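Please read the structure below before turning to the comments.
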Amino acid sequence: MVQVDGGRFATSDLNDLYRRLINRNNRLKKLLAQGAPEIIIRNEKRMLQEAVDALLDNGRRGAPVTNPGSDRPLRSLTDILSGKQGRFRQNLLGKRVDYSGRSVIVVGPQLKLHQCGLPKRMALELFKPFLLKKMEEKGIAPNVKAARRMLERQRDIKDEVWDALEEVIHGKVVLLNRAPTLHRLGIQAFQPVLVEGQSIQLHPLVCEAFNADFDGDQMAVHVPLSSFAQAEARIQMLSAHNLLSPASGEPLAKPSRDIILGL
Amino acid sequence: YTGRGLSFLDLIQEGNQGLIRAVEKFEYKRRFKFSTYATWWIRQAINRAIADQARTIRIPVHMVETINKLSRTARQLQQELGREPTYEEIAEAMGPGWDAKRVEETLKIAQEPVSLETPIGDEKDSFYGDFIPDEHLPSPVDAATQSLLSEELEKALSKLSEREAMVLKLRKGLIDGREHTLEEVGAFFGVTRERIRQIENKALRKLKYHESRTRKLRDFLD
Amino acid sequence: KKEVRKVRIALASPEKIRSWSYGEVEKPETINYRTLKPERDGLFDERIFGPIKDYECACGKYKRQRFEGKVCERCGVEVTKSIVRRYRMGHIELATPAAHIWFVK
Amino acid sequence: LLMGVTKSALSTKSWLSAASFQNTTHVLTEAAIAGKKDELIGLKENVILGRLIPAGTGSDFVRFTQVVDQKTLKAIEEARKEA
Amino acid sequence: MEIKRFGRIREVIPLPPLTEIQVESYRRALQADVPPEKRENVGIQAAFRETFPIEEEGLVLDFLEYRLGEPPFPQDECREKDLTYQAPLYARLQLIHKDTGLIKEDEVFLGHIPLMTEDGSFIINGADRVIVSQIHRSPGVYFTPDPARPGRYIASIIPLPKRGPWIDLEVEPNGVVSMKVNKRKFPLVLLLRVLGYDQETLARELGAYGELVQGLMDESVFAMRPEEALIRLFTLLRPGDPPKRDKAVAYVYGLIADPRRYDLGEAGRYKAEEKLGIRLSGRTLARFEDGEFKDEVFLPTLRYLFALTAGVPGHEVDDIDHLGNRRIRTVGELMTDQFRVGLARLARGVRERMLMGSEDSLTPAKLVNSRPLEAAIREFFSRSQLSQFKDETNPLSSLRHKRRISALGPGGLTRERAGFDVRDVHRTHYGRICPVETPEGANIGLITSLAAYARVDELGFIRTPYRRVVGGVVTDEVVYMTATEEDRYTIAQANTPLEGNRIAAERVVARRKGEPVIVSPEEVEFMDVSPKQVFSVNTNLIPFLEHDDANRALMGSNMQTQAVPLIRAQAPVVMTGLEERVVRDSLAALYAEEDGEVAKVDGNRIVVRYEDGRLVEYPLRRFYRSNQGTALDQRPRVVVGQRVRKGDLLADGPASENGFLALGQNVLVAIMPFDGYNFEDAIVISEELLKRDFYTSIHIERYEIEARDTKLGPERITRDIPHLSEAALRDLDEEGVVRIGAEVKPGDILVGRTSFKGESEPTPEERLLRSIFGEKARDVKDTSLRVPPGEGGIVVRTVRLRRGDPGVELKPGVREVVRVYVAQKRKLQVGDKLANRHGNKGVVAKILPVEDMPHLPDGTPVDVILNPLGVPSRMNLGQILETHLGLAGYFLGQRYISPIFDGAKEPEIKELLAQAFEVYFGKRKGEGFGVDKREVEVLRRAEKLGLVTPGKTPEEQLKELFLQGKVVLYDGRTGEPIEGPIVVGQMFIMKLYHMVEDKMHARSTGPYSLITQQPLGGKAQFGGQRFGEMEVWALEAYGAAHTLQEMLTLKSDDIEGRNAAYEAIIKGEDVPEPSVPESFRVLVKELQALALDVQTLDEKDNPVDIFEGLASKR
Amino acid sequence: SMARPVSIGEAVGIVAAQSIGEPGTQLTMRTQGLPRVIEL
Amino acid sequence: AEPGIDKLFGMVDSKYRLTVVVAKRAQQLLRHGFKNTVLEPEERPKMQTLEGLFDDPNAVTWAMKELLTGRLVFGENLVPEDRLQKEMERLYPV
Amino acid sequence: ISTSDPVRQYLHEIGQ
DNA sequence: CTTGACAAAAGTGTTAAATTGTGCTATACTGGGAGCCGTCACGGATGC
DNA sequence: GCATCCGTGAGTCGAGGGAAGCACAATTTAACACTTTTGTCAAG
Ligand SMILES: [Mg+2]
Ligand SMILES: [Mg+2]
Ligand SMILES: [Zn+2]
C-alpha cells in the first residue's frame, strides 16, 4: 500500500481479498459466540469458503469477486502466478535489465562485419559507471560523485569526457537485439563505434539475420559487464563469428540486394 | 443498502447480527409488532458494517458520517446552483465551524486507494504498478556513494591520533551505530566530560585542517 | 554456504503454516487513515511483518543497530532490517476449515 | 507411446518448467501432492532460479577448466615435489 | 505555377461534408436548437420519453421538456484549465399525486452534456477526443443455415445491443421447433400458446408447407389455459422461483413485451418489416394489452422459417456480413444509449425515493438525483473504447479519425475473437467502406474508414450515391442508396464512355449483386458517380492509385496521417483534387464568411470589413500544441485592403499551402542505388534540404509540476532551492519558474520546487561529514522539475493555475500547478522517417553535402536518392509515374491534378516530358552549349542497352531518354556520369511523426519495480529494455551462460548483486558473482501464500535458506 | 553454424526449436502449411 | 572477427572451453594488474590515445593474445584453486 | 436452488 | 585532565481536548437484480 | 457417442493512462509546568 508522489494511495487486490476473508472469519466467530441459528452459521461458513476460494483463485468457481465501483475481477494468487502476465513468464523467464538502451537503426555501409554504430549519448548512459571510473582516473573529476554531477547536466560535460568514453569502450562489445527474436542470431555482439547522431548504425550483411530493414525498425542495446560476459559475446556471439545458419548450415551473412545487384 | 462497498450477502449477515440483537432486546409487553423494533436494529447493524468495512483504509464512524453529510451537502448545492460547488459554498452550507480548508481536508481524507492492478491502456496488459518506482530500497548509486564516503572517512580518520579517532567514532556513532554521550565515553575511557569535548574539538579542527590542505572529502557533502 | 541444487514443493500443514507466520492477523485494518501508520494486528502490522524502516520500532524508542535482534517492550516491533517485511508472513486462523480450491476444482 | 509437444512438455519430470509453460495450477497441485523434487536439469529451471544454465560455458564439461602460465606452474611443481 | 488538370469523368455532385457523420449525428442526438414542442422522438428526447413517466403505483413523475444552457466556459478556457466543454442540461418535470390530483412543476438541473466542437470533436478534461463510430450487426430478424445439419435453417431475432436477449428458433430433428433464450432451450409451442394462439390458427396460417406445421401441433399444451402456460414457461426460464401469476406475467412482459427492457430499434424494426413483410406497431417482440399478450414477430418469423425450410422461391438466407445487415452507431447513438442507461439509473433512484419520504411533501427536485446520469455520461466520454484521444498530428489526421469505423468497443467484436470473415472486404463495401485503408496487424479489417462519398442514413446504414440511367442516357439525378437496395440494380462503372449523356460504349462493365458483368447500355440502370466514392479521403489523396498494389496503398494512406506540419510545407506537384476540400473541411484554415475587404492583417488576428459593414475579427491560433506535440499555427495569407469574396482563404492552417493540403515537401528525387546508404529502404538526402529549412517542424512539449500539501508541510515553488549554484538557477525568475524564451537543455531546471524532508536521523557518516564541515542540515530538499534526457528547446509558455482560480478545479491537497511549454525546431536528421503517398517509407541514413549528391548537367543536385530495388517487390508503380510527371512539371514550372483512376496517362505524361525537354535543352542550346562528352558516353551505353534508337543524333537520343523519364546524371564525387541514365524527377515526400529524437533511449541504473524490484519499462519512466523469453532462448542457444545469468540477476533484480556490481565497476574492479534473484524469492513467498511448502535443497537434501535468515523464526 | 563437429555443451534443443519455429511465419495458412506442422 | 579466432577454436575441443579459458585468464590478468602476463613488452596489446599509445585496458584482448602465443597451460584438475591463487599472489604481489 | 448462486441458495434456505 | 556553575534539549507526570468506539432509536414493514450472442474455436480429459 | 468442462491462443515498443444521527464512555494526542541530563564555557 504505497503512496504515490501525488499523495494518493495505491494498493493491490490481495489486500482486498485478505480483508474480505478476515471480515467473514471474524463475523463467523462472532456469530458462533452468539449462538446464531444453523441457517445463519451455514451461510457464513459458505461465504468463508467462497472468500478463501476467491483469495486462492478468483473466478475459478462462481462469479469473480470484483472491487465495488468497478467490474474488474480482483487479482488472486493464482492469477499472479499464472498466465502470460503471471510471475513465471513476466518476471522469471524474462526480465527488464539495466545497462540497456534502444534506438532506431540506420544502415552503416562503412562498418566492418563486427562493428556497429553506437550513438555517443547512448554509450555515455550505458557505460556510465565505467565512464565515471575513467573520469576519476584522469583529471576530469576528483571523484565518482563529482563525475556523476558533471554528467547530470548536458551543458556541464566537457570535451574530455568523450575521449574518456572512447577509451572505455575499447575492446568491449555490445549486444544488438531486434524483436521478435525468432532465432538465436536475433541477438548479435558488435564492437561499438561512437557516432554523432541518435540512430544505431547496422552493418548490411547482418540485416538478413536480424530480419531488419530501415523503414523504422528499432533495436535494443545491451552491455555485458564481467569478463565472462564480454568473452562470451566476443567469442560466441560476435557477428563475424556466426556466418552460417544453425538451421541449415548455409551462409546467413551473405551478399544482399544492392551487393548482389552490383556484382 | 447494496452498492455502498459491501456485497449483498455481507449486508444480509450484518443485518442477521442486528436481528439477533433485536431479538435479545425485544419486549412483547408493549404490544408492538416485532418488525417495528427489529428494523431499527437491522438498519443499525447494516449501516455500522458499511461504515466499518467498506473501505480498504478504515475510517472511524463519526468521520464516515461527516463524509456522507458533506457529500449530501455538495450534491444539494450542486443541484441548486446548476454547477459544481466550490469549497466555500459547501463549507457555508455545512454550518458553523466549517471552512474551505476543512472541506478540502475531509475530501482528501475520503479518497479511496486505487488498485495497483488497474489497467492503463486499451490492451489492458499494462497496470498502475508498472509505473510506480520503489523509493524505499537504496539505489545502487546510493549504496555506492555511501560506501565511498565510508572509505574516505576511514582514510581521513587515519591521520588523527589513536584515541582522538576513537573518540570521534564513538561520539558520532561510527562503531556501535548509536551516538554516545560525553559521560558514557568517559566511563569507557575513565576521563571526564570536559576533556572529552576538548579533545573531540581539537581532532575535529585537525580534520578540518587536513580537508582544507587536501580537499578530498568536500564532494560527498552534496 | 551450501548451494541450491534442488527445489522441492509439497503440501503445507496447518502446523507448518503457523510456524511460517510471525503472528496472527486478527483485524482487516490496513493503516490508520490519519497518521498513515499501520494499524495494530492488521494486514501491515509492524509487530508481525517487521519494521517499516531499518532498526526502528513503532514507538520510536530503539532507533539504531546497537539493539539488533531486540523486540521493544513498549511496541513489540523487532528492531531489525525493514527488508524482512518482504519475507515475513502472517496467518489467519479460520473459525471453520476451508478447502483449498486447487485440490477441488 | 506417442504424445504431442504440449503433453510431452507438461509431463516432464521438473515441475518448475512445466509450471512455467502451461496449466500452472494443475502442474503445481500434482507436484505439491506428489512432493516432487526438481533436480534443476534443464535450462528453464536455472533461469527461474537465476543460476548458471548447464549449457555452453555453464556445462560441467568445460566449466571447471583452469588456465595457468608456465612460471607459476613450474613454481608450484618445484615447490611441492622437492619433499 | 499553373495547375494542369487531367481526367474525363464529370462529377455531378461534390464531396459531402467530410465530418457530417459526427456533426449531424450529434445535432440529431441533442436537438438543442429545435424548439421543445417540435422536437422529434429521437436521441436524448427519446430517452426522456422512454424512461419517463416514473410511477411508483399515486406519485407520477412526468417529463415535459428539456433545455441545454450556454457552456460555462469557452473551448480555449476548457483546454487551458483542463475542463470539459459541456452545456448544462435541465429537465422540466411535474409530480402528480393521483390521490389528490395536484401537480407541482419545477426545472431540475440534470447535469452537463459534453458539446461537440464545430470540427466534430469533444473537449473532455481539457483534451481533444473523438468518438469513433462503431459498426455492428443490425438488429432485426435473420435466417441463417444450420452448419451442423444441411438443409435446415435457424431464425435469429436480434434487438439493439444490451436491449433484450437474442431469440433463436430452430427446427429440431424430432420435429418440435425449439426457442432458445438466455442459453436455455424450450419448446416454442409453449410461448406461442402464451401469445393467445390456438391449434386452428396455426393450422390455418403455417399449415400450407408440409410436416413442419405438424411438428407445431402438440395438443398436450394447446388445450392448456394461457395463464398456466405462461406460468409453466416462467418455470422453464427461471426454475426455482415460486410460481406466481404476477411474477410470471411480469417476467414474460419484461422479456418479450417491455419497451423499456426490450428494444428492437428503429433499424431493427425497419429490417423486420422489410424482411417478414409485416408492420410492427412498436419495437417489441409482443405487445401486452388488455391483460393479455398479442404477437408481433414470432408468427411472421416462424412462417418465414417454415417457408424457407420448405423452399419457397421468395425467401432466402441472410448474409450477416452484408453491409445492408451491418449498421453504424455514430457518436449520437452511443451518447444517447449511455444517456438512456444513466436515465434508467436515475429513474431507479427516483422510484426508491418516492417509496420513502412524505408522499404529500415531495418535489421533483428532491426525488431526482442527477449523479448517476452524470456518472454514466462522464464514463462514456472518458473511459469508453470508442472515445479515443484525438489524433491531430495534422488536419488530415483529425479528419481521418472522425471518419473511422471500429468493429470493436462495448457491444462489438473482440480483437482476438474475430475471425477472417468479419475482417474480409465484403462485396457491399464498394462505395461505402474503403477496401485498402485499414491498420495492418491485429486490427486489420476491424478498423476501417468511411468512403469519400458515403453517408450514414437515419437508421445507421451506409448509403452510397449512384446516377440514375434511363434509356441509355445518364441523368444528373443522384440517388443515395444502401447495399440491400443496391443489390436490385445493374450498376455501371464511372469510367464508361459517354457521348454527352448517352452511353457511347456498346459493352458496359457493370456490377450485379457485386459480380462484374458485361451488359448493354439499355441494361444499365445506375452509374457510379466517380471512382472516388470507392475509396476513403486518405486513399483519394494518392495519385496514380491504379498503379499501386493495395498492400502499399494501405501503407501510403495510413502514413499520410502521420506526417508532421512543416514550416515550409508545400502542396504536392501531382495532386488528386481533394487537397483543397480536405483543408476546407478540416476547419484548420480560415475563410471569409462573405464578400468583403480586409481591414487589418496581423500575425495574431485578421479583421475583415464585410459588405454589410460589420467588423469581424478572427483570432489566429498561433503555436498551439496538438495532442501529439506538433505546433498548430495559422499564418495570414491576405494583406490590408485586399478584397476577398465569399469562401476566400484568409489564413493557412497547419500543413496547408494556399488552401491546399501540404503534408511534406516537393524534392528532386533520383532513383538509383548509392554506396549502400539506400540499402533496405534507407534514404539518402542532401544537406541542401537542411540549408533551406525543408522538413523542419516545430514541436512543443508540456511539462507539469504540482505544489501540494503534505503532513510535513506544503511544497513550495520557489527560486531558493537548497545546495544549488547561481549557474543552475540563472534562467529561473523570481517566482521559481524558468523565464519565457530561455534555452533549456537536459538537466536544466524548469520549475524550482522544494519539499520537506521526511523526519529521519542521518547515517553516522553523514553526521560526521556535517560536523566536519559545520553545516546544519536543512529542512527542505530539491524536488524541482528538470528537463528529461534527450529533450529541451526554448521555453515558449508558462501557465500557473492556483487554487481558487475561476474555473480551476484542482485536486484536493494541491496548492498550485505549473505547466511549461517548451518548443523546439527540429530539422531532418539521420534516423528520421520519410515517406511518400505510395507506401515507400524509410529512415534517413545519410546526409550528404551538396557537392557529393548526383547533379543534372545544368548543375542542379538532386535532393533525395531512392533505392530502385524497393519498387519491384512492392509493385507500387505510382511513385515512378509521379516522379516522371514531377520532372515534367519541374522543368515546365507547373503542378498537376490527376484524379485517381481517371487522370494523367502515359501518353500525356510523355507529351509533357517532351515540352519539358524542349525547354530544358533549348535553354542549353541558346546558352551556346552542345552535348557533353560524358553524355555521349552515356548515350552509347544506353543504345547498347536498347534505351535509345541507334542512328539518331545525341539530342534526339537525349530526348528519347527524357521521354522515358531518364536523364544523364553525373556523380558529384568523381565528376564522371552514372553509366546508365537515371530516373530523376520531382516527388512529394512527407516527414513522418516517428523521429529518432523521441525514440532514442538508454539507461544504466534507474527506477525499479515495487514488488519484483526489476527495472521499470518505458523511456518516460527511464526504464530498462524488456529481455523477454525469446531473448533468453537466444542466449541459451548461444551458450552464453554468464551473460544470461548477469541479465537475469546482476542487471535486473539481484539487489545485493546489482549494488555490488555498480560499486565494483565504479572502483575499477570486476563485478562479483551474482546471487538468487528477488523474483524467485517473491515466487517462493507467493507459493507459500498458496499453502505450498516450497523448499530449496542442497546436494544432501538439507534445506538451504535463500532468505539469509530473515524469515526464520529464531 | 561452424561446419565442424558440435562442441560438447551446446543447447541443441533450443537451437532446434528456434530453427523449426523461425520460418513458421513463411508457411502458408490460407492439412497444409503451418496447421499441418502444428498437427504433426 | 577476433584476430586468430580460428586458431583459438582449433586449440580446444569445445568452443565454450575456449571462452572459459579466455575469461579466467582475463580475470587473472585484472586481479594482478597485468603483471602476471606472459607477453613480451613488444607483444603487449596497445591502444591509441590522444596522449599516445598505452597498454590495452581490455583484459579479454590480452587473454586472447596470450592464448594465441601458446605460453598458457589450460585444462582440468591442473592445480588446486587455493594453492594456485596463493602461488600467483606470491609471485605477483598486488 | 442454484448451487452456483449463493444469494439464490440463501433465499431458498430462508424460504423454508 | 578536573570541578563549578549553568542554557538548554530531553524526558516526565497530569490534564483538558479531540478523537474514536459502542449502544440505541418501539406504527408496520418479511425471497435480488442485472441480466441480455457475432455467445470464440478447438483439442484434451473425464464421465457418464 | 456425446456431453460437459477447461485451458490455450508471438515479440518489442510507446501513450496516455492517473440510514442517519445522538448520546456517552474510552482512548489518544497535545500541551504544559517541572526535573533532569547534555552540552558548553571558565578557569585551576
Ligand atoms: Mg521494417
Ligand atoms: Mg498498426
Ligand atoms: Zn518500540
Side-chain angles (χ1 to χ4, degrees), chain A residues 4 6 8 10 84 102 177-182 186 218-220, chain B residues 1-2 8 21 25-27 30-41 43-44 46-48 50 52 60-63 65 68-69 114 118-122 126 128 131 181-183 191-199, chain C residues 34 105, chain D residues 4 6-7 22-23 25-26, chain E residues 127 136-137 156 158-159 161-166 168 181-183 241-242 255 261-262 320-321 383 389 407 412-414 416-419 421-422 627-628 998-999 1001 1017-1020 1025-1026 1028-1031, chain F residues 21 24-25, chain H residues 7-8 10-15:
Chain A
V4 301
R8 181 74 163 251
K84 172 156 51 180
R102 174 180 218 89
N177 183 4
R178 193 209 160 249
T181 312
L182 293 181
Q218 301 184 230
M219 275 206 210
Chain B
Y1 287 81
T2 67
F8 187 42
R21 185 89 200 101
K25 292 196 58 61
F26 182 84
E27 300 189 338
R30 307 195 187 184
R31 285 189 170 84
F32 297 110
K33 299 209 63 185
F34 180 77
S35 67
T36 300
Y37 184 72
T39 307
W40 275 109
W41 283 106
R43 301 193 310 238
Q44 175 264 353
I46 295 189
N47 208 0
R48 196 75 82 186
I50 292 183
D52 276 312
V61 175
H62 73 267
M63 199 68 222
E65 303 177 347
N68 294 356
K69 172 171 209 274
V114 66
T118 299
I120 300 296
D122 54 350
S126 183
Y128 284 24
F131 306 80
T181 59
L182 282 73
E183 189 275 331
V191 177
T192 57
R193 297 168 66 246
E194 169 64 6
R195 176 58 171 176
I196 293 180
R197 64 178 292 276
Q198 290 179 356
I199 61 172
Chain C
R34 185 179 68 185
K105 300 302 307 298
Chain D
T6 317
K7 184 175 174 66
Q22 269 176 205
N23 278 76
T25 301
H26 184 79
Chain E
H136 73 97
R137 298 190 49 180
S156 306
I158 310 172
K162 294 181 176 67
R163 297 294 295 159
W166 291 31
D168 276 2
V181 181
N182 288 318
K183 293 183 285 184
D241 286 358
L255 179 84
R261 295 181 66 241
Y262 193 93
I320 59 153
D321 276 310
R383 284 154 295 211
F389 203 57
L413 297 159
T414 301
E416 293 83 3
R417 320 283 70 99
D421 291 331
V422 309
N627 285 341
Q628 292 81 18
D998 304 321
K999 302 200 170 191
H1001 174 53
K1019 171 173 174 177
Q1025 298 300 314
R1026 164 78 183 182
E1029 292 173 281
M1030 325 195 59
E1031 292 81 29
Chain F
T25 300
Chain H
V7 175
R8 184 180 293 274
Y10 184 62
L11 295 183
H12 172 266
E13 289 171 358
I14 77 179

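As a basis for the values below, the full set of heavy atoms in this structure was taken, side chains included, without hydrogen atoms, waters or symmetry mates. Each chain gets a letter, A, B and so on, in the order the sequences are listed, and its residues count up from 1.
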### Distance between P atoms of J/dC22 and I/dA26 (Å, rounded)
15 Å
### Task
For DNA chain I, list all stems, counting runs of three or more consecutive pairs where every pair is Watson-Crick or G-U wobble with both distances under 3.5 Å.
I:1-4 with J:41-44, I:7-15 with J:30-38, I:17-19 with J:26-28, I:21-25 with J:20-24, I:40-47 with J:2-9
### Query
If you measure from the P atom in J/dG7 to the same atom in I/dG35, how many Å do you get, rounded?
25 Å
### Query
To the nearest angstrom, how far is E/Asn627 atom CG from J/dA15 atom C1'?
11 Å
### Summary
Separation between CD (B/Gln44) and OG1 (B/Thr39), nearest 0.5 Å, reads 12.5 Å
### Task
Measure from CD1 on B/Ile50 to P on J/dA20 and round the result to the nearest Å.
8 Å
### Query
Does some side-chain heavy atom of E/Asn182 sit less than 4.5 Å from a side-chain heavy atom of E/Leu255?
yes
### Task
Verify the contact: side-chain N or O of E/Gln1025 to OP1 or OP2 of J/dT12, cut-off strictly under 4.0 Å; return yes or no.
no
### Query
Can you list the residues that meet the ring-ring contact (aromatic ring centres under 6.0 Å, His included) rule with B/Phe8, with sequence neighbours excluded?
none
### Task
Would you kindly give the NZ-to-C1' distance between A/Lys84 and J/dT8, to the nearest whole Å?
10 Å
#### Entry: Span that lies between the P atom of I/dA10 and that of J/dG39, in whole angstrom
10 Å
### Task
Would you sort out whether A/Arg102 and A/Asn177 count as a side chain to side chain contact (heavy atoms under 4.5 Å, CB included), showing the intermediate values?
CA-CA 9 Å; A/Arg102 174 180 218 89; A/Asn177 183 4; over 6 Å; no
## Note on the structure
Judged by nearest nucleotide, the residue sitting upstream toward the 5' end of DNA chain J, D/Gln22 or E/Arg383, is D/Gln22
#### Entry: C1'-based separation of J/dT12 from I/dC36 [nearest Å]
39 Å
### Task
Would you mind reporting whether B/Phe34 and B/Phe26 have side-chain heavy atoms less than 4.5 Å apart?
yes
### Query
To the nearest angstrom, how far is H/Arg8 atom CZ from I/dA34 atom P?
15 Å
### Student check: side-chain heavy atoms of B/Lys69 and B/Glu65 closer than 4.5 Å
no
### Query
Say you pick atom P in I/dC37 and the same atom in J/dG11; how far apart are they, in whole Å?
33 Å
What does the list of N/O pairs under 3.5 Å between the protein and nucleotides 28-30 of chain I look like, with a distance for each?
{"from": "I/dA28", "atom 1": "OP2", "to": "B/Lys33", "atom 2": "N", "distance (Å)": "2.8"}
{"from": "I/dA28", "atom 1": "OP2", "to": "B/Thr36", "atom 2": "OG1", "distance (Å)": "3.2"}
{"from": "I/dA28", "atom 1": "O5'", "to": "B/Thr36", "atom 2": "OG1", "distance (Å)": "3.3"}
{"from": "I/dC29", "atom 1": "OP1", "to": "B/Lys33", "atom 2": "NZ", "distance (Å)": "2.7"}
{"from": "I/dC29", "atom 1": "OP2", "to": "B/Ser35", "atom 2": "OG", "distance (Å)": "2.3"}
{"from": "I/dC29", "atom 1": "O5'", "to": "B/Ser35", "atom 2": "OG", "distance (Å)": "3.4"}
{"from": "I/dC29", "atom 1": "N4", "to": "B/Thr39", "atom 2": "OG1", "distance (Å)": "3.4"}

### Task
Check the pair B/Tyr37, B/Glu27 against side chain to side chain contact (heavy atoms under 4.5 Å, CB included), reporting the backbone distance first and the verdict last.
CA-CA 9 Å; B/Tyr37 184 72; B/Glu27 300 189 338; over 6 Å; no
## Note on the structure
Nucleotide by nucleotide, nucleotides 35-47 of chain I touches protein heavy atoms under 4.0 Å in the pattern (B base, S sugar-phosphate only, - none) BBBBBB----S--
### Summary
In this structure, CZ of B/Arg30 is separated from OG1 of B/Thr36 (nearest 0.5 Å) by 12.0 Å
### Query
Which is true for B/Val191 with a 4.0 Å heavy-atom rule: it touches a base, it touches only sugar-phosphate, or it touches nothing?
sugar-phosphate
### Task
Indicate syn or anti for I/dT39, taking the glycosidic torsion and treating anything within 90° of 0 as syn.
syn
### Query
Using a cut-off of 4.0 Å on non-hydrogen atoms, how would the nucleic acid contact of B/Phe26 be classed: base, sugar-phosphate, or nothing?
base
### Query
Can J/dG17 and J/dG18 be counted as stacked under the 5.5 Å centre and 30° plane limits?
no
### Task
Using the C1'-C2'-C3'-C4' torsion, classify the pucker of J/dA10 as north or south, with positive meaning north.
north
### Summary
By nearest-heavy-atom nucleotide on DNA chain J, the more 5' of D/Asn23 and E/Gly1028 is D/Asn23
### Planes under 30° and centres under 5.5 Å for I/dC36 and I/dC37
no
### Heavy-atom side-chain contact between B/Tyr128 and B/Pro119 under 4.5 Å
no
### Task
Sugar of I/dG32: specify north or south by the sign of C1'-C2'-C3'-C4'.
south
### Message
Taking only the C1' atom of each, what is the distance from J/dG14 to I/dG33 in whole angstrom?
### Response
42 Å
### Task
Determine the Euclidean distance between corresponding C1' atoms of J/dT27 and I/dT15; express it in Å to zero decimal places.
14 Å
### Pucker family (sign of torsion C1'-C2'-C3'-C4'), J/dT8
north
### Task
Would you mind reading off the distance between A/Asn177 atom CG and J/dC13 atom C1', rounded to a whole angstrom?
12 Å
### Contact check, side chains of E/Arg1026 and E/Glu1031, non-hydrogen atoms, under 4.5 Å
no
### Query
North or south: where does the sugar of J/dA33 fall when you read the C1'-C2'-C3'-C4' torsion?
south
### Task
Please measure how far the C1' atom in I/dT20 lies from the corresponding atom in J/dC24, and state the result in whole Å.
12 Å
### Message
Expressed as a whole number of angstroms, how long is the span from B/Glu27:CD to I/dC24:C1'?
### Response
13 Å
### Task
Give E/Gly1018 one of three labels, base, sugar-phosphate or nothing, depending on what nucleic acid heavy atoms sit under 4.0 Å from its own.
sugar-phosphate
### Query
Between atom CG in E/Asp998 and atom P in J/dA15, what is the gap in whole Å?
8 Å
Considering only nitrogen or oxygen atoms on both sides, find all protein atoms under 3.5 Å from nucleotides 21-25 of chain J and state each distance.
{"from": "J/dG21", "atom 1": "OP1", "to": "B/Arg72", "atom 2": "NH2", "distance (Å)": "2.9"}
{"from": "J/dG21", "atom 1": "OP2", "to": "B/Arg72", "atom 2": "NH2", "distance (Å)": "3.3"}
{"from": "J/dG21", "atom 1": "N7", "to": "B/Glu65", "atom 2": "OE2", "distance (Å)": "3.1"}

Protein-nucleotides 36-44 of chain J N/O pairs closer than 3.5 Å?
{"from": "J/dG39", "atom 1": "OP1", "to": "B/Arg171", "atom 2": "NH1", "distance (Å)": "3.1"}
{"from": "J/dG39", "atom 1": "OP2", "to": "B/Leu182", "atom 2": "N", "distance (Å)": "3.2"}
{"from": "J/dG39", "atom 1": "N7", "to": "B/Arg193", "atom 2": "NH2", "distance (Å)": "2.5"}
{"from": "J/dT40", "atom 1": "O4", "to": "B/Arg193", "atom 2": "NH1", "distance (Å)": "3.3"}
{"from": "J/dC41", "atom 1": "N4", "to": "B/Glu194", "atom 2": "OE1", "distance (Å)": "2.7"}

### Query
If you sort sugars by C1'-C2'-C3'-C4', with positive as north and negative as south, where does J/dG9 go?
north
### Task
State, as yes or no, whether the six-membered rings of J/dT4 and J/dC5 are stacked by the criterion of centre distance under 5.5 Å and planes under 30 degrees.
yes
### Task
Using a 4.5 Å cut-off on heavy atoms from C-beta on, say whether the side chain of B/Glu183 contacts that of B/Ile196.
no
### Task
Kindly check if J/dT8 and J/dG7, neighbours in the strand, have base rings whose centres sit closer than 5.5 angstrom and whose planes are less than 30 degrees apart?
yes
### Query
Are B/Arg43 and B/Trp41 in a cation-pi contact, defined as NZ or CZ under 6.0 Å from the six-membered ring centre and within 45° of the axis?
no
### Summary
Here the gap from B/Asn47 atom CG to B/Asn68 atom CG, rounded to the nearest 0.5 Å, amounts to 7.5 Å
### Task
Using atom NZ of B/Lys25 as one end and atom P of I/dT22 as the other, report the distance to the nearest whole Å.
17 Å
### Task
Quick one: label B/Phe131 by what it contacts on the DNA or RNA (base, sugar-phosphate, nothing), any heavy atom closer than 4.0 Å.
base
